[PDB]
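A short write-up of the structure that comes next.
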Amino acid sequence: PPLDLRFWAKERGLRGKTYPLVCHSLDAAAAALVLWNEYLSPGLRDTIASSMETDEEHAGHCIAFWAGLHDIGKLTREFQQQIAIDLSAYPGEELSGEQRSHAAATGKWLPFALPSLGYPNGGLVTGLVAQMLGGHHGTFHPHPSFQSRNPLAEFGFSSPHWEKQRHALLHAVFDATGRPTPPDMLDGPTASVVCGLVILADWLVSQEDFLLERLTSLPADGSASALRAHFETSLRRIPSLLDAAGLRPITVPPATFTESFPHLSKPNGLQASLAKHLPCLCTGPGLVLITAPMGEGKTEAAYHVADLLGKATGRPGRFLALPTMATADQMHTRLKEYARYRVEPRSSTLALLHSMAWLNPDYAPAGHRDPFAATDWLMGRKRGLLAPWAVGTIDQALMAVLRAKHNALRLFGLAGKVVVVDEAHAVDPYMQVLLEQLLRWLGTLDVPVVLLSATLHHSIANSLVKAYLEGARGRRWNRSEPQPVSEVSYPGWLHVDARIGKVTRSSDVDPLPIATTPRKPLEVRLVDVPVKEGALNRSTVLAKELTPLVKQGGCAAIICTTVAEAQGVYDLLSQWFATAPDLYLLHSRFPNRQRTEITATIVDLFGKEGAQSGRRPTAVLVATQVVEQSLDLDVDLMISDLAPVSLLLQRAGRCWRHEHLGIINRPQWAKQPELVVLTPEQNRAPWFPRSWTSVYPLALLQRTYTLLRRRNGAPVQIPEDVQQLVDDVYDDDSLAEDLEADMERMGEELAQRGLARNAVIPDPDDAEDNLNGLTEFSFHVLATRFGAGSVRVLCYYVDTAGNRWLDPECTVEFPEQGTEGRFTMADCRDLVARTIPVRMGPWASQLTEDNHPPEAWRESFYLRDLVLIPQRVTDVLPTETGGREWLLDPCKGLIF
DNA sequence: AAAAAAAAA
Ligand SMILES: Nc1ncnc2c1ncn2[C@@H]1O[C@H](COP(=O)(O)OP(=O)(O)O)[C@@H](O)[C@H]1O
Ligand SMILES: [Fe+3]
Ligand SMILES: [Fe+3]
């Protein structure tokens, strides 16, 4: 029966016109084909065509054929009747009131029409193709279950008339795609990644511009003549669409390490070691774990190893995962220069992928595009990982393995990339489970991985590589099977072949250790300090300790476990200084603009471009664990509250950071690089402040103390002594005298891994014949990090009236509306820059309408969710809101 | 009581 064009697919935005369901259907199939040929990484084409066991060309047309059937579920009454249309020729199929999504209908119709063109009736390939297509709106569904010998009728397709028109369309796209035969195999994971492509296809050809243009040249009628024509047209128009979006590949020439970094005279031990023994190893899918100190060129080493594996795997894409928005920003710059130098583009964007990317001027847009420039299309919402190259927060990749809508899109996203995750030592137990499940899915999808780290506990390292190997190899780990990683070297690198699972430790090919920057050992000195009312009266020990610095000069940092304590020290220091030397305070609770300003002048004093510029003073910094995030600091003395060793040794890396540059003059009192470790005095298991034991688990603080004491003042040889300690704090059980504290720590840790497992998509082998796990969830949006999270507040000022102001000075009004009534992005940036990150608590509950944003604001993404904290000013008082009193000190940051 | 991230077709 010749097909009827009265059935539609798109109505909206077309101004009283309709686009025919076939014209969409063909477009989507046209789109997938081009995507298959010009977007998909070559290696990935291979991976997919492998799974179906057929040539790429055949696999190409299959997928295209499948893309054509995506919106077939629209050819029902429930859907068609949404707008005016004449169905007088189509009696039957009267509304059931199920109100079933067209996508759901596609998955329900396909398993029973498909075999009419050779697919195995009740067969897995058919089962998967239908399920996968039925999920083209970011939600899979269960396989159709039925109790009769006429499932088609059982599922509501009961009319000869209607059933004839679905079949017409089944055959129209079959034909236009040149009748491809059914593949013999198809696995869950492959199918998911294909679903992503199919989704990119539909989206691409759904843009209002592209539609309007096809509305001009609609087909005259439903002939194979007319439909063959329509397809082949859209076919030509699609590679355009790729450019507008910036989805064109960024392929990059092979190169040795020095061809790739010509500005580098003397590559270091790590880079030489990697560049030398790696290419021979890198012969396809694998993972590589570099674990090395800071100031060793891990970055260029990464790009290099990435560059090898990329070529080995037919995968020119890149995702770099960073721990923070900031470091993702910085790296996004570096990787872009790297791109410019390295490639001979301008239709390929190097995306930046985190939640504050819009509010960055130099990324976002405000034909002749600048190379690697962002594109409107890629600027949201679930699209980022579709950028050919991208760097972002690690949180962006972890979303792929969380059970949420459209995760198949992001899985597709990554499947052609070479993924690189920096700072793995940074990932807590909850996150580490998401990472393991991602690794497992990247493993099975033939995507190579580079992991970079500073010291890593062997257990984590093992767990991560095991995860990647599990994914690579099809089956999970035996109880009997030996562990893949029993020891880690710092410095060290390690390679893992997917194909045979062989692991090559760096030491295996070279008995010498990898040369790092030589450096003096670190004096670590434990110091008792009197408790006063369950707190730390540091008043004295600061005297004793800071005195040389006040006389002869230098630079030193005090790191306190909480922000409260952080502020009190700066106060206590301040009084003292009434009676050069400078004083600074850093932590989370500062307005953005202010934090970005402090940090800039803090690194400029204590960092490196200060020392080279001789701007480095003759000075104290107080901070919390912001110091553990990347800050170019070099202090002479460091004093920290006891924290876990890994975090102490982390912290301590700021001691004499740049001694290896000749250009530095340590004051005479500074005999050796030193970290002073404050711990309270006691009176049979070590006690610590409640304040401390709520941020770090109690036992671990014990185990660190216990372990530090055991050394008797001994310095820490760096890096010979480090990894040892990191391993040991968790491994040597004799280090925990409090079995109740050590057991809770374990329970708390089990609790974090547990929530995670609840939160992540299936193992690939659990998903082999069934994709529904990927999107299934019951009883809100799943998190990539454990905890009650954080909210952004913004302080406003009330005079004796009270009128709303944005400064204590009450000259800049509180903008109730914004510069066309609505807010420009630049308005938002102004507002957001004022804001402060504040951890969720009980206070969140007890809010009022005067803590909620005005009504204009609600219409702005970045603004709707701000909480407002009033500040009472008279001719600025602490102000109750939530249940406590908030004062935003300008020198000390937010207080409560 | 740290720090950290986090509308589509
Ligand atoms: N031989 C080298 N290998 C790698 N980086 C080098 C080398 N010589 C100089 N550099 C530069 O010195 C800086 C060292 O920083 P890097 O070690 O990558 O990170 P961090 O300094 O944060 O540990 C980088 O800018 C790198 O570009
Ligand atoms: Fe649809
Ligand atoms: Fe569609």
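For the structure tokens, the naming scheme is as follows: chains receive sequential letters (A, B, ...) according to their order of presentation, residues are indexed from 1 within each chain, and ligands are indexed from 1 in presentation order.
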(request) Considering only C-alpha atoms (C1' of nucleotides), return as a ChimeraX atom specification whatever protein or nucleic-acid residues lie within 9 Å of stretch 158-169 of chain A, sequence-local ones (same chain, fewer than 5 positions apart) excluded. (result) /A:1-4,21-22,25,69,72-73,75-77,89-93,113,152-153,174
Do you have, as CSV, the list of residues of chain A lying at most 7 Å from ligand 1, each with its nearest atom pair and that distance in Å to one decimal, counting only C-alpha atoms and all ligand atoms and ordered by chain then number?
```
residue,atom,partner,partner_atom_place_in_ligand_line,distance
A:264,CA,ligand 1,1 (N),5.6
A:265,CA,ligand 1,1 (N),6.5
A:266,CA,ligand 1,1 (N),4.7
A:267,CA,ligand 1,1 (N),3.5
A:268,CA,ligand 1,1 (N),4.7
A:271,CA,ligand 1,3 (N),6.7
A:294,CA,ligand 1,23 (O),3.4
A:295,CA,ligand 1,23 (O),2.9
A:296,CA,ligand 1,17 (O),4.1
A:297,CA,ligand 1,18 (O),3.7
A:298,CA,ligand 1,18 (O),5.6
A:299,CA,ligand 1,18 (O),5.2
A:300,CA,ligand 1,4 (C),6.1
```
How would the residues just picked look written out with N, CA, C and O atoms as a PDB file, in the first residue's frame?
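The resulting file, part_29.pdb, is reproduced below:
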```pdb
ATOM      1  N   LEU A 264      60.706  22.386  25.161  1.00  0.00           N
ATOM      2  CA  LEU A 264      61.327  21.698  26.295  1.00  0.00           C
ATOM      3  C   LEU A 264      62.698  21.172  25.949  1.00  0.00           C
ATOM      4  O   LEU A 264      62.830  20.225  25.169  1.00  0.00           O
ATOM      5  N   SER A 265      63.716  21.767  26.562  1.00  0.00           N
ATOM      6  CA  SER A 265      65.100  21.371  26.334  1.00  0.00           C
ATOM      7  C   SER A 265      65.382  19.956  26.851  1.00  0.00           C
ATOM      8  O   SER A 265      65.739  19.070  26.079  1.00  0.00           O
ATOM      9  N   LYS A 266      65.205  19.752  28.155  1.00  0.00           N
ATOM     10  CA  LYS A 266      65.596  18.512  28.817  1.00  0.00           C
ATOM     11  C   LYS A 266      64.393  17.789  29.445  1.00  0.00           C
ATOM     12  O   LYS A 266      64.043  18.036  30.604  1.00  0.00           O
ATOM     13  N   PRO A 267      63.740  16.905  28.673  1.00  0.00           N
ATOM     14  CA  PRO A 267      62.636  16.108  29.210  1.00  0.00           C
ATOM     15  C   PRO A 267      63.081  15.347  30.453  1.00  0.00           C
ATOM     16  O   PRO A 267      64.208  14.850  30.469  1.00  0.00           O
ATOM     17  N   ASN A 268      62.227  15.269  31.475  1.00  0.00           N
ATOM     18  CA  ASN A 268      62.603  14.630  32.740  1.00  0.00           C
ATOM     19  C   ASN A 268      62.556  13.105  32.735  1.00  0.00           C
ATOM     20  O   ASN A 268      62.161  12.481  31.750  1.00  0.00           O
ATOM     21  N   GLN A 271      59.119  11.699  31.837  1.00  0.00           N
ATOM     22  CA  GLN A 271      58.809  11.838  30.432  1.00  0.00           C
ATOM     23  C   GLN A 271      59.724  10.956  29.562  1.00  0.00           C
ATOM     24  O   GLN A 271      59.250  10.306  28.631  1.00  0.00           O
ATOM     25  N   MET A 294      54.372  16.137  42.290  1.00  0.00           N
ATOM     26  CA  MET A 294      54.080  17.357  41.558  1.00  0.00           C
ATOM     27  C   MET A 294      55.394  18.011  41.121  1.00  0.00           C
ATOM     28  O   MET A 294      56.427  17.824  41.753  1.00  0.00           O
ATOM     29  N   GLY A 295      55.376  18.749  40.023  1.00  0.00           N
ATOM     30  CA  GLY A 295      56.607  19.321  39.519  1.00  0.00           C
ATOM     31  C   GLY A 295      57.430  18.279  38.788  1.00  0.00           C
ATOM     32  O   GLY A 295      58.652  18.244  38.910  1.00  0.00           O
ATOM     33  N   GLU A 296      56.759  17.423  38.025  1.00  0.00           N
ATOM     34  CA  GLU A 296      57.445  16.386  37.269  1.00  0.00           C
ATOM     35  C   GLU A 296      56.925  16.280  35.836  1.00  0.00           C
ATOM     36  O   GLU A 296      57.294  15.370  35.096  1.00  0.00           O
ATOM     37  N   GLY A 297      56.073  17.213  35.434  1.00  0.00           N
ATOM     38  CA  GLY A 297      55.589  17.235  34.064  1.00  0.00           C
ATOM     39  C   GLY A 297      54.634  16.089  33.771  1.00  0.00           C
ATOM     40  O   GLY A 297      54.660  15.498  32.680  1.00  0.00           O
ATOM     41  N   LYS A 298      53.785  15.770  34.749  1.00  0.00           N
ATOM     42  CA  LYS A 298      52.790  14.732  34.545  1.00  0.00           C
ATOM     43  C   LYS A 298      51.904  15.096  33.368  1.00  0.00           C
ATOM     44  O   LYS A 298      51.537  14.229  32.587  1.00  0.00           O
ATOM     45  N   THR A 299      51.607  16.386  33.217  1.00  0.00           N
ATOM     46  CA  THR A 299      50.713  16.852  32.157  1.00  0.00           C
ATOM     47  C   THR A 299      51.173  16.525  30.753  1.00  0.00           C
ATOM     48  O   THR A 299      50.432  15.924  29.987  1.00  0.00           O
ATOM     49  N   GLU A 300      52.383  16.939  30.397  1.00  0.00           N
ATOM     50  CA  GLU A 300      52.916  16.637  29.067  1.00  0.00           C
ATOM     51  C   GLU A 300      53.118  15.121  28.874  1.00  0.00           C
ATOM     52  O   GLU A 300      52.911  14.576  27.783  1.00  0.00           O
TER      53      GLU A 300
END
```
Which residues of chain A have any atom within 6 Å of an atom in chain B when counting only C-alpha atoms (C1' of nucleotides), and what is the closest pair of atoms for each, with the distance in Å to one decimal? Order the rows by chain and rising number and write it as JSON lines.
```
{"residue": "A:203", "atom": "CA", "partner": "B:9", "partner_atom": "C1'", "distance": 5.0}
{"residue": "A:206", "atom": "CA", "partner": "B:9", "partner_atom": "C1'", "distance": 5.4}
{"residue": "A:691", "atom": "CA", "partner": "B:1", "partner_atom": "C1'", "distance": 4.7}
```
(request) Show me which residues sit within 7 Å of ligand 3 when counting only C-alpha atoms (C1' of nucleotides) and all ligand atoms, and put them as a list in words. (result) residues 24, 70, 71 and 202 of chain A; 9 of chain B
(request) Extract, using only C-alpha atoms (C1' of nucleotides), all DNA, RNA and protein residues at most 10 Å from residue A:114, discarding same-chain residues fewer than 4 positions from it, and format them as a ChimeraX atom specification. (result) /A:109-110,118-121,126-127,129-130,167,170,182
With N, CA, C and O atoms retained, could you export that selection as a PDB file, in the first residue's frame?
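Output (selection.pdb):
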```pdb
ATOM      1  N   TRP A 109       6.269  -2.057  19.158  1.00  0.00           N
ATOM      2  CA  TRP A 109       5.877  -2.442  17.803  1.00  0.00           C
ATOM      3  C   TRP A 109       6.983  -3.159  17.054  1.00  0.00           C
ATOM      4  O   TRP A 109       6.747  -4.093  16.294  1.00  0.00           O
ATOM      5  N   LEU A 110       8.200  -2.694  17.253  1.00  0.00           N
ATOM      6  CA  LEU A 110       9.324  -3.231  16.515  1.00  0.00           C
ATOM      7  C   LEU A 110       9.652  -4.726  16.729  1.00  0.00           C
ATOM      8  O   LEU A 110      10.110  -5.384  15.791  1.00  0.00           O
ATOM      9  N   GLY A 118      13.264 -10.451   8.148  1.00  0.00           N
ATOM     10  CA  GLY A 118      14.399 -11.303   8.421  1.00  0.00           C
ATOM     11  C   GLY A 118      14.991 -11.330   9.811  1.00  0.00           C
ATOM     12  O   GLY A 118      15.804 -12.204  10.100  1.00  0.00           O
ATOM     13  N   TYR A 119      14.614 -10.396  10.674  1.00  0.00           N
ATOM     14  CA  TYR A 119      15.112 -10.447  12.051  1.00  0.00           C
ATOM     15  C   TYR A 119      14.573 -11.694  12.764  1.00  0.00           C
ATOM     16  O   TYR A 119      13.457 -12.140  12.490  1.00  0.00           O
ATOM     17  N   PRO A 120      15.390 -12.295  13.638  1.00  0.00           N
ATOM     18  CA  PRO A 120      14.965 -13.465  14.414  1.00  0.00           C
ATOM     19  C   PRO A 120      13.835 -13.159  15.380  1.00  0.00           C
ATOM     20  O   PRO A 120      14.020 -12.473  16.384  1.00  0.00           O
ATOM     21  N   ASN A 121      12.665 -13.679  15.043  1.00  0.00           N
ATOM     22  CA  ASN A 121      11.491 -13.646  15.889  1.00  0.00           C
ATOM     23  C   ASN A 121      11.800 -14.051  17.325  1.00  0.00           C
ATOM     24  O   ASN A 121      12.245 -15.153  17.580  1.00  0.00           O
ATOM     25  N   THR A 126      16.897  -8.570  17.713  1.00  0.00           N
ATOM     26  CA  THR A 126      15.611  -7.890  17.608  1.00  0.00           C
ATOM     27  C   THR A 126      15.224  -7.266  18.955  1.00  0.00           C
ATOM     28  O   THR A 126      14.927  -6.067  19.036  1.00  0.00           O
ATOM     29  N   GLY A 127      15.245  -8.079  20.006  1.00  0.00           N
ATOM     30  CA  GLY A 127      14.999  -7.596  21.354  1.00  0.00           C
ATOM     31  C   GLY A 127      15.755  -6.325  21.701  1.00  0.00           C
ATOM     32  O   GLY A 127      15.177  -5.339  22.140  1.00  0.00           O
ATOM     33  N   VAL A 129      17.471  -4.239  19.464  1.00  0.00           N
ATOM     34  CA  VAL A 129      17.232  -3.131  18.552  1.00  0.00           C
ATOM     35  C   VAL A 129      15.990  -2.364  18.957  1.00  0.00           C
ATOM     36  O   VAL A 129      15.998  -1.134  18.944  1.00  0.00           O
ATOM     37  N   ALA A 130      14.940  -3.089  19.353  1.00  0.00           N
ATOM     38  CA  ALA A 130      13.664  -2.451  19.701  1.00  0.00           C
ATOM     39  C   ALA A 130      13.801  -1.671  20.982  1.00  0.00           C
ATOM     40  O   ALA A 130      13.408  -0.530  21.056  1.00  0.00           O
ATOM     41  N   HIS A 167       3.686  -0.367   8.523  1.00  0.00           N
ATOM     42  CA  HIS A 167       4.478  -1.244   7.683  1.00  0.00           C
ATOM     43  C   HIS A 167       4.999  -0.551   6.426  1.00  0.00           C
ATOM     44  O   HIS A 167       6.108  -0.836   5.950  1.00  0.00           O
ATOM     45  N   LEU A 170       7.902   1.145   7.699  1.00  0.00           N
ATOM     46  CA  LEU A 170       8.954   0.194   8.004  1.00  0.00           C
ATOM     47  C   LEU A 170       9.741  -0.049   6.736  1.00  0.00           C
ATOM     48  O   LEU A 170      10.966   0.006   6.749  1.00  0.00           O
ATOM     49  N   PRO A 182      19.822  -8.228   8.757  1.00  0.00           N
ATOM     50  CA  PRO A 182      20.003  -8.336  10.209  1.00  0.00           C
ATOM     51  C   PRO A 182      21.387  -8.797  10.597  1.00  0.00           C
ATOM     52  O   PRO A 182      21.831  -9.837  10.118  1.00  0.00           O
TER      53      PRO A 182
END
```
(request) Could you tell me, as an MDAnalysis selection string, which residues of stretch 15-111 of chain A DSSP assigns to helix (DSSP H, G or I) when given the backbone? (result) chainID A and resid 21:39 42:51 56:68 72:74 77:80 102:111
